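Laid out below as structure tokens are two forms of one and the same protein chain, each shown alone and named structure 1 and structure 2.
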Structure 1
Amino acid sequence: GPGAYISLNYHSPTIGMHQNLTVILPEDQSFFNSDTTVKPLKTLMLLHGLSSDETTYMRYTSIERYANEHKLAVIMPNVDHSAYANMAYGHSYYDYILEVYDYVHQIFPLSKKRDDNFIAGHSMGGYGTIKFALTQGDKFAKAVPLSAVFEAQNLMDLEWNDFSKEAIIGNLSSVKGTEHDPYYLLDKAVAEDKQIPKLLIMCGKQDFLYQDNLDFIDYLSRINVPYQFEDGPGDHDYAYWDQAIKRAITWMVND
């Protein structure tokens, strides 16, 4: 059965502007009967990579088809070039993800239980995914970084088209040991006894970020944090993220 594709534009109090957001809302019989209470849906926060935006998962994948198969609501915000940080010179986009989460859970029929909420994303969005997994573990039961950047000191110094490192991190000499460093966040999560979401980490074998992914899961192993790592043929493109997100969605909802 099909569902709703929703484009929302609202003025965000956190980032001080109108901003577009897309939502996939699978249909439920209770949505068409006024006398019943809506059945709240499992919900996936889905984070785009660098140069993508709120439309690009819809356009370059079949995610809505996959989400419909599994009665999974999907939230796709736009965070520009922010790497999901509260920027030194820019917008508070880390806070924005938390606002979007609260907003769509207030207005749409989405379950608020931790077991029903997941987060995922690719490249910059996998980096975002792991940051939220390690700082908001109470909000998500599972997190799926796809082709993620785990060594951030390779992302800040990437000279991508119109990308500004300083807008994110200011005049910081190095991200190592800071809240921009997934390894620091991971050590801090373990040290503070925070719940870590269940981890499915995916990366194509031909991706430049592959060795970076191997390094991170090696570290997870050495600090006895469980994870599932899935590799196979694939590069750093939406042809890969199309197939990976289909697999990730099956894994999220089936526990």
Structure 2
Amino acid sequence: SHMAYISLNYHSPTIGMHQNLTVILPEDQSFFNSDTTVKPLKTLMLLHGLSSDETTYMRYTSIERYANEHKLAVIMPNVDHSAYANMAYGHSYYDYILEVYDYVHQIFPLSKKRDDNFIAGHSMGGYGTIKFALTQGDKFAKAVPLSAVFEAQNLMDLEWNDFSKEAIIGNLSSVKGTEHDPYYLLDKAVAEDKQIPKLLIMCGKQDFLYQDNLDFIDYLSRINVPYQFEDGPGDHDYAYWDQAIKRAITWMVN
């Protein structure tokens, strides 16, 4: 089992500026044989939080080692703070992550089947994960929010830069009951009979978001949305996300 480690710098049409991506691509024998078709890989979209970039999971966890064991391609895009609340509709975080998805599935040998595509992330990346699970449920078979932001008030506790923080403060009164509120997205997804990915939700018991995580899964239980929840000792850091992403990858592929 071998992996190709890829760094990609490209101009993003959605954001309108350059963005970096990390891609780890398992080596498959079909990729070296010019006479056979490529065998498409299972693929995880992995979303970092506000103190990270496209290199942090590589540096602060052993994710590549876990992915190599399970022959899992992983896509780690850079996410700028301004993507979440400073951009116009159509040019925001949501659109950008879907652009990354489309681009890497066009240019790399990644499966396009729902059963072969997963999404995961922590903190604001866990907010991203649950938003994509509830709006792009036909795209991802499984979703793993880690130490996730589920509530509007959580947003004021985070490490936003100055320009993004000003947009967060200025639009806070507009989050609840909109497409930016995970609870609203959840209620809507059920109503439109949308596919919801299988959910594995994880949080450490010392995390400042732990109780809001319990509140979210309690609501899931009350509206009969299936999920698995795993907790244990751990805080809001990569010592926990290293352990959690190892467990998540095993769960995803099996």
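Every residue number counts along structure 1's sequence, beginning with 1. Heads up, when I say rigid core I mean the largest set of C-alphas that superpose within 1.5 Å between the two forms.
Asker: If I align on the rigid core, exactly one of 72, 110, 85, 97 should have its C-alpha move by 2 Å or more between structures 1 and 2; which residue is that?
Answerer: Comparing the C-alpha positions, the one residue that moves 2 Å or more is 85.
Asker: Using the rigid core as the reference frame, would you say residue 170 shifts its C-alpha by 2 Å or more between structures 1 and 2?
Answerer: Yes, because once the rigid core is superposed, the C-alpha of residue 170 moves 2 Å or more between structures 1 and 2.
Asker: For residue 157, does the CA position differ by 2 Å or more between structures 1 and 2 when the superposition is done on the rigid core?
Answerer: Yes, shifts by 2 Å or more.
Asker: After aligning on the rigid core, report the distance the C-alpha of residue 50 travels between structures 1 and 2, in angstrom.
Answerer: Its C-alpha position differs by 1.0 Å.
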